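A.B. asks: I'd like to ask you about the structure that follows.
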Amino acid sequence: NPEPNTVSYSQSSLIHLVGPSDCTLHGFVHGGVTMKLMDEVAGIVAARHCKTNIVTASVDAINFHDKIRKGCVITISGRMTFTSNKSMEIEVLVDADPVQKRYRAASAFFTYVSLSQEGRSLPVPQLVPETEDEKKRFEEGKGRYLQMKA
Amino acid sequence: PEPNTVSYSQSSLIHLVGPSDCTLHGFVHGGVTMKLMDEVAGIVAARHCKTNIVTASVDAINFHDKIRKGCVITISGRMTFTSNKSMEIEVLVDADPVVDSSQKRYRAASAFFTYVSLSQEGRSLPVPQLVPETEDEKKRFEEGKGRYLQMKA
Amino acid sequence: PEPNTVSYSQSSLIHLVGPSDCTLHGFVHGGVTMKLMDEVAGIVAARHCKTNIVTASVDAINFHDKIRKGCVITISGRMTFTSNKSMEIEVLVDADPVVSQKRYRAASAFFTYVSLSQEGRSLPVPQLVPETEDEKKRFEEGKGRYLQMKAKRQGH
Amino acid sequence: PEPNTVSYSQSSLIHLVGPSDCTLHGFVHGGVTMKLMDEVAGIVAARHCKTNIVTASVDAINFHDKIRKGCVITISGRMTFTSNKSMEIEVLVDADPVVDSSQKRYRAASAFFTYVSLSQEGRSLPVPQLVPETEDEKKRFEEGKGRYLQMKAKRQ
Amino acid sequence: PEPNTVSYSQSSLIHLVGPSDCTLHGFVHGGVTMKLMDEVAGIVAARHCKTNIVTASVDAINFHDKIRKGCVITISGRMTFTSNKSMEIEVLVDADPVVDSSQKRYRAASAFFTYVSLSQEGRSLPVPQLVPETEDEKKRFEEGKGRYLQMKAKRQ
Amino acid sequence: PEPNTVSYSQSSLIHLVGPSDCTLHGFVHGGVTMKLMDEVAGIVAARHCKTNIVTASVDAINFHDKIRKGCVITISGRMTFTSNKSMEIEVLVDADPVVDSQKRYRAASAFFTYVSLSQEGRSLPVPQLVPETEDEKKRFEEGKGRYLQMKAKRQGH
């Protein structure tokens with residue numbers, strides 16, 4: 001029962017220069033490194049939206065569309081897509097620039113939950129979509145939400 | 001332990017939750033757990049393929065419970081199914097507290113990783129087939145084939 | 001966006017201050033901020049030169065304020081001036097708490113890079129062409145700082 | 001303090017040799033191996049004591065063979081002997097190539113760590129006794145008592 | 001070695017250039033060097049203040065020469081001057097090859113770091129004064145005062 | 001300072017104990033200390049051999065005392081003895097508190113043994129260490145002692 005918010009309000013991103021400690025013995029980035037970055041972004045989004053303690057409930061469908069080489073800059077951007085009563089869905093996209101041309105590297109839907117200081121699960125501020133796509137993405141989210149419950 | 005069997009690649013990892021793993025409250029970031037899970041899966045994949053490997057997808061990462069400062073978590077992984085060009089690996093995370101048995105060991109997270117094998121040039125390679133031997137290995141393999149087909153759809 | 005303009009190479013980087021970035025109290029080591037600044041500068045240089053680049057000098061690194069655990073820091077760089085063989089890049093670091101009160105300026109510096117051939121020799125550099133008011137002004141101030149530095153590495 | 005068994009605390013760890021683990025040639029710094037060994041031993045000690053622990057000594061670290069880029073190394077530890085206030089843990093390091101070569105899994109390193117248990121105030125605590133069960137566990141315990149006595153001497 | 005003297009806090013650091021320190025060609029990123037320099041400066045500051053310290057500014061970082069793979073670099077720092085609330089530390093970086101011999105130790109970089117001491121609350125504290133003893137210590141102190149005054153002007 | 005003498009290779013390293021170095025209580029993982037010690041020993045070995053080097057054995061790592069958050073630790077190494085194909089280096093770790101002062105104390109120590117390798121990976125003869133002072137001759141002697149015993153221990157009866 002707190003105050004609603006918009007996707008622009010919490011929209012967040014993050015830009016990382018693939019360094020050598022990010023990489024496999026060949027030239028590529030461990031999926032773990034990518035996944036951790038994606039979690040960090042989603043967590044920031046969630047935090048902005050709830051202004052509270054948050055935890056990951058589930059991540060569903062992490063897709064690696066392409067490899068990431070040493071010396072790319074990766075942009076990880078997250079935005080809220082749907083809220084239920086007690087949970088938030090956040091879409092995280094990863095793109096890559098070499099420094100070959102900018103491409104989509106990974107994606108995922110994180111699901112977060114808001115916790116009190118005692119550790120109980122809280123009602124979550126509702127997401128209010130405004131544009132066409134925000135209503136569409138919200139709808140698709142409600143869809144993915146229902147199936148996961150099933 | 002024969003090659004191409006689950007026992008051959010089965011791998012696990014133990015990690016003492018330290019302070020740099022934690023949120024401002026007592027709990028471990030999902031990203032930390034996820035990273036450790038991918039490390040094990042990749043080790044499994046590498047042992048099985050003896051080649052370069054990359055993550056293709058991770059599906060259904062479930063966090064069954066929080067992990068607090070001073071747990072030891074065990075992340076273990078094992079191959080479940082192979083298609084022609086892809087490997088599915090199941091990763092499980094369990095947690096022991098290390099100060100008090102108010103309760104004991106519990107299941108904290110789980111996921112199915114899917115890896116792919118690459119040549120030096122970077123092309124996708126046929127993958128050594130997994131041969132199940134026990135009851136559960138045949139069952140898990142079957143379930144794997146199931147999850148594989150749906151993902152294609 | 002035309003090549004050799006500042007917009008062409010303008011680059012930024014966003015980093016979540018994590019625990020390994022920090023001192024035993026709550027704050028980020030200057031070394032960490034300095035490294036991130038260099039990475040951004042380097043990327044700007046590389047975009048503009050399309051070549052191998054190295055830092056020649058960094059001058060005036062100023063830490064305007066401390067950075068906490070759990071800030072996101074934006075590090076942005078842009079080209080300010082070019083001489084014949086050298087590029088000056090301005091790097092700014094801003095910080096947002098996620099923990100909300102007010103984004104602030106945390107650090108700043110002028111990096112000077114030099115473009116290198118495959119053999120490792122210092123090459124003529126593509127000239128920067130300013131377009132807006134501020135770009136001409138910043139270029140002028142750059143020429144200024146460039147001249148003074150050359151005076152600094154000699155006697156009387 | 002209730003006694004316990006080797007299987008209870010037995011712990012192991014698997015690590016893919018990455019590039020930041022390596023010398024300028026192909027090989028892993030002893031320090032990296034040493035640090036992974038200490039991590040496992042400490043986890044073993046912790047499981048057994050359920051208390052704060054610190055290393056008291058490590059004796060006889062032997063590097064039987066080099067470890068190259070792209071091995072997976074398994075470091076495994078198990079308790080071997082306990083005195084009244086100290087625990088001896090054996091750590092073994094094995095290596096599998098994950099690259100394709102004619103060359104099997106091999107023993108890379110080994111050591112005996114000695115840990116001690118501390119109270120919250122920081123005093124040295126009596127330690128849960130290790131109770132061996134199999135042939136080898138009694139043998140390894142015996143050997144441990146041997147190594148323990150000599151260390152007390154060589155320290156006189 | 002008396003407290004508040006330069007010898008008291010003088011600190012150095014030795015680092016083997018590894019492969020994760022390097023550019024795609026053979027050379028060390030300036031960022032790496034800069035971070036190592038800040039670490040040594042910080043330690044010097046800490047030893048002198050026995051308090052929490054942060055970097056206020058770094059001025060004039062000069063890269064005199066490239067550092068390739070397989071050098072050992074020595075980064076050493078010492079206090080040069082103190083004002084009432086700030087400390088100036090000089091950091092010098094030297095490099096030894098460990099590869100082909102016909103290569104003599106050389107000066108690779110240098111800088112003056114300026115640190116400030118903070119209380120737990122985060123307020124700026126008066127700083128213990130540096131007391132020079134030798135010729136050069138008085139000279140370096142003087143030059144410091146000089147650089148300090150100019151920096152106040154550049155902004156005033 | 002002549003090559004192949006202990007002064008030539010003597011090396012040291014200073015580290016500010018940070019929070020990622022630390023146990024959940026205030027203390028530094030032995031692994032962290034051990035790694036720093038190996039780094040120093042390796043640098044000493046490298047300086048003396050001007051070649052590729054690897055750790056053969058570390059013997060008798062002693063932890064004389066705990067190290068907590070906000071110490072600066074000095075790890076210093078120096079060569080003590082050489083055989084024909086191996087080098088012994090002594091590493092000592094001291095700790096200064098950097099907060100309200102507990103003075104400086106000895107925290108750990110060890111003898112590392114390194115070996116020099118060619119590009120092919122074969123074990124090379126090693127430049128001999130020439131002691132000059134009293135202690136350098138004494139430490140060299142004690143080194144020869146420790147070397148002989150290790151060859152025995154690792155041999156049978």
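Residue numbering restarts at 1 in every chain; chains get A, B, ... in the order shown in the structure tokens, and ligands count up from 1 in that same order.
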Mind listing as number ranges by chain which residues of chain C are within 12 Å of chain F, counting only C-alpha atoms?

C.D. replies: C: 18-29

A.B. asks: Under the rule of at most 12 Å, produce a per-residue listing of chain E near chain D: chain, number, name, the closest pair of atoms, and the distance in Å, as JSON lines, using only C-alpha atoms.

C.D. replies:
```
{"residue": "E:16", "atom": "CA", "partner": "D:23", "partner_atom": "CA", "distance": 9.6}
{"residue": "E:17", "atom": "CA", "partner": "D:24", "partner_atom": "CA", "distance": 8.7}
{"residue": "E:18", "atom": "CA", "partner": "D:24", "partner_atom": "CA", "distance": 6.2}
{"residue": "E:19", "atom": "CA", "partner": "D:24", "partner_atom": "CA", "distance": 6.2}
{"residue": "E:20", "atom": "CA", "partner": "D:20", "partner_atom": "CA", "distance": 6.0}
{"residue": "E:21", "atom": "CA", "partner": "D:20", "partner_atom": "CA", "distance": 9.4}
{"residue": "E:22", "atom": "CA", "partner": "D:24", "partner_atom": "CA", "distance": 11.0}
{"residue": "E:26", "atom": "CA", "partner": "D:24", "partner_atom": "CA", "distance": 11.5}
{"residue": "E:68", "atom": "CA", "partner": "D:24", "partner_atom": "CA", "distance": 11.7}
{"residue": "E:69", "atom": "CA", "partner": "D:24", "partner_atom": "CA", "distance": 7.9}
{"residue": "E:70", "atom": "CA", "partner": "D:24", "partner_atom": "CA", "distance": 7.2}
{"residue": "E:71", "atom": "CA", "partner": "D:24", "partner_atom": "CA", "distance": 10.7}
{"residue": "E:98", "atom": "CA", "partner": "D:24", "partner_atom": "CA", "distance": 11.7}
{"residue": "E:99", "atom": "CA", "partner": "D:24", "partner_atom": "CA", "distance": 11.2}
```

A.B. asks: Near chain D, meaning an atom within 10 Å, which residues of chain F appear when counting only C-alpha atoms? Write them as a ChimeraX atom specification.

C.D. replies: /F:23-25,27-42,52-66,108-110,112-114,119,121,150

A.B. asks: A:99, A:10, A:39, A:81: which is nearest chain C, counting only C-alpha atoms?

C.D. replies: A:99

A.B. asks: Please give the complete set of residues from region 23-99 of chain F that DSSP, run on the backbone, assigns to strand (DSSP E), formatted as a ChimeraX atom specification.

C.D. replies: /F:52-63,71-82,86-97

A.B. asks: Restrict the selected residues to N, CA, C and O atoms and save them as a compact mmCIF listing (two decimals), in the first residue's frame.

C.D. replies:
```txt
# COMPACT_ATOMS: atom_id res chain seq x y z
N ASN F 52 62.78 -17.78 -15.67
CA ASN F 52 61.50 -18.30 -15.24
C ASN F 52 61.70 -19.13 -13.98
O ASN F 52 62.65 -19.90 -13.89
N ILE F 53 60.82 -18.96 -13.00
CA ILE F 53 60.96 -19.64 -11.71
C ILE F 53 59.64 -20.26 -11.25
O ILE F 53 58.56 -19.77 -11.57
N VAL F 54 59.72 -21.35 -10.49
CA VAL F 54 58.53 -21.94 -9.87
C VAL F 54 58.83 -22.38 -8.46
O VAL F 54 59.97 -22.72 -8.14
N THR F 55 57.79 -22.39 -7.63
CA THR F 55 57.91 -22.86 -6.27
C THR F 55 58.07 -24.37 -6.27
O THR F 55 57.29 -25.07 -6.91
N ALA F 56 59.09 -24.88 -5.58
CA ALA F 56 59.29 -26.32 -5.45
C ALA F 56 58.67 -26.76 -4.14
O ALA F 56 57.89 -27.70 -4.11
N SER F 57 58.99 -26.08 -3.05
CA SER F 57 58.36 -26.39 -1.79
C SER F 57 58.37 -25.20 -0.87
O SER F 57 59.21 -24.34 -0.99
N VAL F 58 57.43 -25.16 0.04
CA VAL F 58 57.47 -24.17 1.10
C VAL F 58 57.53 -25.00 2.34
O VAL F 58 56.80 -25.98 2.48
N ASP F 59 58.40 -24.66 3.25
CA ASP F 59 58.48 -25.47 4.42
C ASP F 59 58.49 -24.62 5.68
O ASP F 59 59.23 -23.60 5.77
N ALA F 60 57.67 -25.05 6.64
CA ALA F 60 57.55 -24.37 7.92
C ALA F 60 56.98 -22.97 7.75
O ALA F 60 57.67 -22.00 8.02
N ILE F 61 55.74 -22.84 7.31
CA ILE F 61 55.06 -21.57 7.47
C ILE F 61 54.53 -21.46 8.89
O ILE F 61 53.66 -22.22 9.29
N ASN F 62 55.06 -20.53 9.66
CA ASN F 62 54.59 -20.32 11.03
C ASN F 62 53.78 -19.04 11.23
O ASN F 62 54.24 -17.96 10.86
N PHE F 63 52.58 -19.16 11.78
CA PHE F 63 51.82 -17.99 12.07
C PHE F 63 52.01 -17.64 13.53
O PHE F 63 51.41 -18.27 14.40
N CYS F 71 45.74 -3.14 9.61
CA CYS F 71 47.13 -3.20 9.86
C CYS F 71 47.73 -2.96 8.54
O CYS F 71 47.10 -3.15 7.52
N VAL F 72 48.99 -2.61 8.56
CA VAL F 72 49.74 -2.60 7.34
C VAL F 72 50.66 -3.75 7.59
O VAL F 72 51.24 -3.86 8.67
N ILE F 73 50.79 -4.63 6.62
CA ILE F 73 51.77 -5.68 6.81
C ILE F 73 52.93 -5.54 5.85
O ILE F 73 52.74 -5.24 4.68
N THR F 74 54.12 -5.72 6.37
CA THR F 74 55.29 -5.71 5.55
C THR F 74 55.75 -7.13 5.35
O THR F 74 56.03 -7.83 6.31
N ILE F 75 55.83 -7.55 4.11
CA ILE F 75 56.37 -8.84 3.80
C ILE F 75 57.71 -8.64 3.15
O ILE F 75 57.77 -8.07 2.09
N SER F 76 58.78 -9.14 3.75
CA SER F 76 60.08 -8.98 3.16
C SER F 76 60.78 -10.30 2.97
O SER F 76 60.69 -11.18 3.81
N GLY F 77 61.50 -10.43 1.87
CA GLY F 77 62.19 -11.66 1.57
C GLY F 77 63.63 -11.40 1.22
O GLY F 77 64.00 -10.32 0.81
N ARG F 78 64.45 -12.43 1.41
CA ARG F 78 65.85 -12.38 1.05
C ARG F 78 66.33 -13.79 0.84
O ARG F 78 65.80 -14.71 1.43
N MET F 79 67.33 -13.95 -0.01
CA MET F 79 67.87 -15.25 -0.32
C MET F 79 68.70 -15.71 0.85
O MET F 79 69.38 -14.90 1.48
N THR F 80 68.69 -17.01 1.15
CA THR F 80 69.50 -17.51 2.27
C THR F 80 70.49 -18.55 1.85
O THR F 80 71.60 -18.58 2.35
N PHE F 81 70.11 -19.40 0.92
CA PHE F 81 70.99 -20.48 0.50
C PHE F 81 70.67 -20.91 -0.92
O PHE F 81 69.51 -20.82 -1.35
N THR F 82 71.68 -21.35 -1.65
CA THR F 82 71.45 -21.97 -2.95
C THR F 82 72.13 -23.32 -3.00
O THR F 82 73.21 -23.50 -2.44
N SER F 86 68.60 -25.28 -6.86
CA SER F 86 67.50 -24.71 -6.07
C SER F 86 67.89 -23.51 -5.20
O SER F 86 69.06 -23.36 -4.84
N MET F 87 66.91 -22.67 -4.87
CA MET F 87 67.15 -21.47 -4.08
C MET F 87 66.27 -21.42 -2.84
O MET F 87 65.07 -21.67 -2.90
N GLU F 88 66.86 -21.08 -1.70
CA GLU F 88 66.05 -20.92 -0.51
C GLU F 88 65.92 -19.45 -0.16
O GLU F 88 66.92 -18.72 -0.06
N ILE F 89 64.69 -19.03 0.04
CA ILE F 89 64.40 -17.65 0.37
C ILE F 89 63.59 -17.57 1.65
O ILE F 89 62.57 -18.23 1.81
N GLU F 90 64.03 -16.72 2.57
CA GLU F 90 63.34 -16.53 3.82
C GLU F 90 62.36 -15.36 3.70
O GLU F 90 62.76 -14.26 3.31
N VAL F 91 61.10 -15.57 4.04
CA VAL F 91 60.15 -14.50 4.01
C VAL F 91 59.67 -14.22 5.41
O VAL F 91 59.34 -15.15 6.13
N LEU F 92 59.64 -12.96 5.81
CA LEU F 92 59.16 -12.57 7.13
C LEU F 92 58.02 -11.58 6.96
O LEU F 92 58.08 -10.75 6.06
N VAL F 93 56.98 -11.67 7.79
CA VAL F 93 55.85 -10.77 7.71
C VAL F 93 55.70 -10.08 9.03
O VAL F 93 55.58 -10.72 10.05
N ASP F 94 55.72 -8.75 9.01
CA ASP F 94 55.52 -7.93 10.21
C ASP F 94 54.23 -7.11 10.09
O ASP F 94 53.74 -6.87 8.99
N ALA F 95 53.68 -6.68 11.20
CA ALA F 95 52.43 -5.92 11.14
C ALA F 95 52.45 -4.66 12.00
O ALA F 95 52.82 -4.72 13.17
N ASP F 96 52.08 -3.52 11.42
CA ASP F 96 51.89 -2.30 12.20
C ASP F 96 50.42 -2.01 12.26
O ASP F 96 49.76 -1.96 11.23
N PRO F 97 49.91 -1.75 13.46
CA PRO F 97 48.60 -1.13 13.50
C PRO F 97 48.64 0.31 12.94
O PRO F 97 49.69 0.98 12.97
```

A.B. asks: Please return as a PyMOL selection string: the residues of chain F that backbone DSSP assigns to helix (DSSP H, G or I).

C.D. replies: chain F and resi 6-9+19-21+30-49+134-153

A.B. asks: Write out as number ranges by chain the residues lying within 12 Å of residue 76 (chain B), counting only C-alpha atoms and excluding same-chain residues fewer than 5 positions away.

C.D. replies: B: 9-15, 36-44, 89-95, 107-112; D: 12-14

A.B. asks: Would you export the selected residues with N, CA and C atoms as a compact mmCIF listing (two decimals), in the first residue's frame, please?

C.D. replies:
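To be explicit, this is the file written out as selection_31.txt:
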```txt
# COMPACT_ATOMS: atom_id res chain seq x y z
N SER B 9 32.14 -36.39 -15.00
CA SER B 9 32.23 -34.94 -15.03
C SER B 9 31.65 -34.30 -13.77
N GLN B 10 30.84 -35.05 -13.03
CA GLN B 10 30.23 -34.54 -11.80
C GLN B 10 31.22 -33.72 -11.03
N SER B 11 30.86 -32.49 -10.70
CA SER B 11 31.82 -31.59 -10.03
C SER B 11 31.13 -30.80 -8.95
N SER B 12 31.88 -30.39 -7.93
CA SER B 12 31.28 -29.56 -6.89
C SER B 12 32.26 -28.59 -6.24
N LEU B 13 31.74 -27.67 -5.44
CA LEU B 13 32.48 -26.53 -5.06
C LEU B 13 31.94 -26.07 -3.73
N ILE B 14 32.83 -25.60 -2.88
CA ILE B 14 32.43 -25.27 -1.54
C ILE B 14 32.94 -23.82 -1.31
N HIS B 15 32.17 -22.99 -0.66
CA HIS B 15 32.48 -21.60 -0.59
C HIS B 15 32.03 -21.06 0.74
N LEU B 36 28.77 -18.37 -8.96
CA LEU B 36 29.31 -19.66 -8.50
C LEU B 36 28.65 -20.85 -9.25
N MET B 37 27.34 -20.75 -9.50
CA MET B 37 26.64 -21.82 -10.19
C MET B 37 27.18 -21.96 -11.59
N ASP B 38 27.48 -20.85 -12.26
CA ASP B 38 27.96 -20.92 -13.63
C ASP B 38 29.38 -21.46 -13.65
N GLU B 39 30.18 -21.12 -12.65
CA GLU B 39 31.52 -21.70 -12.57
C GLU B 39 31.50 -23.22 -12.51
N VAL B 40 30.65 -23.79 -11.65
CA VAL B 40 30.55 -25.23 -11.58
C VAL B 40 30.03 -25.84 -12.89
N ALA B 41 28.95 -25.27 -13.40
CA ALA B 41 28.41 -25.85 -14.60
C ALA B 41 29.48 -25.89 -15.68
N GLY B 42 30.27 -24.82 -15.77
CA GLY B 42 31.24 -24.73 -16.86
C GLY B 42 32.32 -25.77 -16.66
N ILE B 43 32.69 -26.00 -15.38
CA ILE B 43 33.70 -27.01 -15.08
C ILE B 43 33.15 -28.36 -15.51
N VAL B 44 31.91 -28.66 -15.11
CA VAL B 44 31.28 -29.88 -15.59
C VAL B 44 31.37 -29.99 -17.11
N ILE B 89 23.20 -29.21 -17.82
CA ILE B 89 23.81 -29.49 -16.54
C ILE B 89 22.96 -28.95 -15.42
N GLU B 90 22.70 -29.78 -14.41
CA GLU B 90 21.88 -29.37 -13.28
C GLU B 90 22.78 -28.91 -12.15
N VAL B 91 22.52 -27.73 -11.62
CA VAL B 91 23.33 -27.24 -10.54
C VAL B 91 22.44 -27.06 -9.34
N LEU B 92 22.93 -27.51 -8.17
CA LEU B 92 22.19 -27.41 -6.93
C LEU B 92 23.04 -26.68 -5.90
N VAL B 93 22.45 -25.79 -5.12
CA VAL B 93 23.19 -25.13 -4.07
C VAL B 93 22.61 -25.45 -2.71
N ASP B 94 23.44 -25.95 -1.80
CA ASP B 94 22.99 -26.23 -0.44
C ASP B 94 23.76 -25.41 0.53
N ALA B 95 23.23 -25.19 1.73
CA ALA B 95 23.87 -24.30 2.69
C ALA B 95 23.95 -24.92 4.07
N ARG B 107 18.40 -26.68 1.12
CA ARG B 107 18.55 -26.38 -0.31
C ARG B 107 18.27 -24.90 -0.60
N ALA B 108 19.22 -24.21 -1.23
CA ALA B 108 19.12 -22.75 -1.34
C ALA B 108 18.79 -22.31 -2.71
N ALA B 109 19.30 -23.02 -3.71
CA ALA B 109 19.01 -22.64 -5.09
C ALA B 109 19.23 -23.80 -6.05
N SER B 110 18.74 -23.65 -7.28
CA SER B 110 18.89 -24.68 -8.30
C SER B 110 18.72 -24.11 -9.70
N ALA B 111 19.31 -24.76 -10.69
CA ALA B 111 19.12 -24.30 -12.07
C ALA B 111 19.51 -25.34 -13.08
N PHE B 112 18.99 -25.21 -14.29
CA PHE B 112 19.52 -25.99 -15.39
C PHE B 112 20.32 -25.12 -16.36
N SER D 12 35.86 -30.34 -0.39
CA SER D 12 36.70 -30.14 -1.55
C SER D 12 36.23 -29.00 -2.45
N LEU D 13 37.04 -28.67 -3.44
CA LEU D 13 36.91 -27.41 -4.13
C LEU D 13 37.50 -27.63 -5.49
N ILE D 14 36.87 -27.05 -6.50
CA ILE D 14 37.24 -27.28 -7.89
C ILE D 14 37.44 -25.92 -8.53
```
